[PDB]
């Protein structure tokens, strides 16, 4: 089931990738395309090279110039399209840690990376922040000042999950602290976009804190 792209705010589109996993069923994966006039920025690649191809087609069929992607942590559902973007000379970004994690796992690396706990993509359009470990040791979040959207990636859990998801790379006892660090930014959050599941409100943060503290206990 191929890639779906839908407008969720002015200049912000939710892109959703799917798999049919035999034995489980339908799973989805979210990222964003953020536009700045005709420039397009990808927050997380679709889950596969093929769906990453469809996302670029989506952009070029609309005449958008894809300027860069940013991936929120090293897992395959965040980075599967980095290699294809690299072959198209489209700058790809992760944090330094995510990049070095990919490199260690023998995966394609972004051509660019950022060193501090905060960075910007699109010259202020996208604010990135590392709040601490949770879902992974390297997970970062993206704040969109204009649309008032926090892309939480997998550090956040949508309202239809009651588990933290895959925790083999997780720091469960760190996670709730890391969400509080996001809370401390006092972002005027209108919408939180999780890496999987439905978009919700700032409520998603509290729901994630509950999940983490309960798992940590």
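Numbering follows the first chain given and starts at 1.
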- Message: When the Cα temperature factors in the entry are averaged, is it 183 to 191 or 62 to 70 that ends up higher?
- Response: 183 to 191
- Message: So, looking at the entry's B-factor column for Cα atoms, which has the higher mean, 111 to 119 or 72 to 80?
- Response: 111 to 119
- Message: Sorting by Cα B-factor within the chain, modelled residues only, which third would residue 31 end up in: lowest, middle or highest?
- Response: lowest
- Query: Based on the entry's values, in what third of the chain does the Cα temperature factor of residue 155 lie: lowest, middle or highest?
  - Reply: middle
- Within this chain, which third does the Cα B-factor at residue 212 fall in: lowest, middle or highest? highest
- Item | residue 166 CA temperature factor, ranked by third within the chain | highest
- Lowest, middle or highest third: where is residue 41 by Cα B-factor in its chain? lowest
